[PDB]
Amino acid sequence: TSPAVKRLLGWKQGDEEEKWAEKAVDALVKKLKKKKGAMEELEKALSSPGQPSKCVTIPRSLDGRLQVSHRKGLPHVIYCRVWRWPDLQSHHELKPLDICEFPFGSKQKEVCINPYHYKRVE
């Protein structure tokens, strides 16, 4: 991405979904800042994709959903759309990697939203 192009893109407006994504990430960071080293870890997974990373997790809701700026979704599905598959459609398209200790189906107190602890399939 080009210097002149980058500048013009600075003024570009975002689709409602791009703006909603900003809130969803902004919400997640708020959660992670409280825990020690969660941010650095989440940053690790996204920056170095090949190298394995430990889970980054948020508390699970009773039905498992998360609400961000009036919209309800599943945590792994939401954050996987942001960083890996923008067209991801449902939790059925996702399955966990064995590395993950807190997958969505886990039904544990916590749910991992590390996008690289899940694998997209049909």
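Just count from 1 along the sequence shown to find any residue number.
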- request: Output the stretch having the higher mean C-alpha B factor in the entry; the candidates are 78-86 and 54-62.
  value: 54-62
- request: Output the stretch having the higher mean C-alpha B factor in the entry; the candidates are 19-27 and 103-111.
  value: 103-111
message: Which third, lowest, middle or highest, does the C-alpha temperature factor of residue 7 belong to within its own chain?
response: highest
field: residue 34 CA temperature factor, ranked by third within the chain
entry: highest
message: Taking only the Cα B-factors deposited for this chain, tell me whether residue 72 sits in the lowest, middle or highest third.
response: lowest
